[PDB]
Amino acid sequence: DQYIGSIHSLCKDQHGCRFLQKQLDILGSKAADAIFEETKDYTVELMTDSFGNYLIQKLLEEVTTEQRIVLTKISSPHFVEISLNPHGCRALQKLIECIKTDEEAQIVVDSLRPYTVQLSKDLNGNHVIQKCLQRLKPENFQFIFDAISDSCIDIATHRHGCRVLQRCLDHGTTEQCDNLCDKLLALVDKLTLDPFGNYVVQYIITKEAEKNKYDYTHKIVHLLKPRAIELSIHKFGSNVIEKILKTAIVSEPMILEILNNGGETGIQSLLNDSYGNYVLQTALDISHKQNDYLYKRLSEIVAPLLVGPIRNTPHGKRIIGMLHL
């Protein structure tokens, strides 16, 4: 039954600022009504605060629906300056973790919508667009899927915007995830080579093979394989190709591409180059385990090219370990 207003100005410490929280941990069924009707005026710069967001974060766990909606309405006109902030994003993230109504949600989506692309590129913005994916219903977060679908290639090829795409494939709809993948698959040339998008391509495959249910993986391979050698020596592509190798339902046809079309030449290229090198080692490693004979047929066009300085290098030393297993 304690005391003290003035709460507000405790919000400048980290101590009297971690105190208001000490106060609600052991409370505040009726105390977070106080704090509320007080701080409800500084919520925006409390959110963007180095210690203020903490109180806020916890304050929305404790507060009532009516009170959470009020805050949402107070912060809606500023979600952008909030999203782009180190602490703000973490307060705003929690906000979304708590929204329990198809109004709270329906308010956030109008506020975030005009700025979806923008916000997913931001170092701090993505983690909030990402959280809309995690916590919101699919009918709700639809706006994101549409925002992205439009700027498919730059969100896909973007330090930050790409992680968003992955998180869509993690939480979207078989309908949603599909129209997106039809947009992504039309650029898998550019996407496999890119330093970021080549992670997206791998994800598709990563995710289907969680489901054990393959639709795009095949379509991806059908488009790629023809250019197997070329991509195995490419700095980024060589990682997509290694993915396919590691993906059981596609290994063999890919290994067969290298044998068939990677000539005895194409395998020379794999041997000497800084990227192909690893492809070739993955090929040997798998086929050994995967296919009695493919290993053999391949492990024999290798054996004879391992002469000279090559036997010395880091990569040659490793390649030979593969050969008699």
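Residue numbers run from 1 along the displayed sequence.
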The stretch carrying the higher mean Cα B factor in the deposited entry, 184-192 or 92-100, is 92-100
Would you tell me which stretch averages the higher CA B-factor in the PDB entry, 227-235 or 211-219? 227-235
Of the options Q57, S299, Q281, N260, which has the highest CA B factor as deposited? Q57
What third of its chain, lowest, middle or highest, does the C-alpha temperature factor of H87 fall into? highest
For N272, the third of its chain into which the C-alpha B factor falls: middle
Could you tell me which third, lowest, middle or highest, the C-alpha B-factor of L27 occupies within its chain? highest
Lowest, middle or highest third: which one holds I69 when the chain's residues are ordered by CA B-factor from the entry? middle
Which third, lowest, middle or highest, does the C-alpha temperature factor of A34 belong to within its own chain? highest
